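Please read through the structure below; I'll follow up with questions.
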Amino acid sequence: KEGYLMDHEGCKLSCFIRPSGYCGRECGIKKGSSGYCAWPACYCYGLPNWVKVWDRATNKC
């Protein structure tokens, strides 16, 4: 599964002025296989199906 990671508040995880590879790391902590800064937010590939990703409809940010 792919999508934007969220923080604890339901906001997309920002990658404004982060080092390169930040989003790949954060995606990997959630067991994703790849990620990148889809500026301004981290986007992941290869997440297991149980991982919650951002959804605009239900956003709480």
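In order, the residues displayed for chain A correspond to 21-81 in Swiss-Prot numbering, which applies throughout.
Header says: X-ray crystallography, 1.2 Å.
Backbone N, Cα and C define each Cβ position, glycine as well.
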Tell me, from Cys62, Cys64, which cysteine Swiss-Prot puts in a disulphide with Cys43.
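Here Swiss-Prot pairs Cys43 in a disulfide with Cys62.
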From the disulfide entries in Swiss-Prot, identify which of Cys31, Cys64 pairs with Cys47.
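That record, Swiss-Prot, gives the partner as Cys64.
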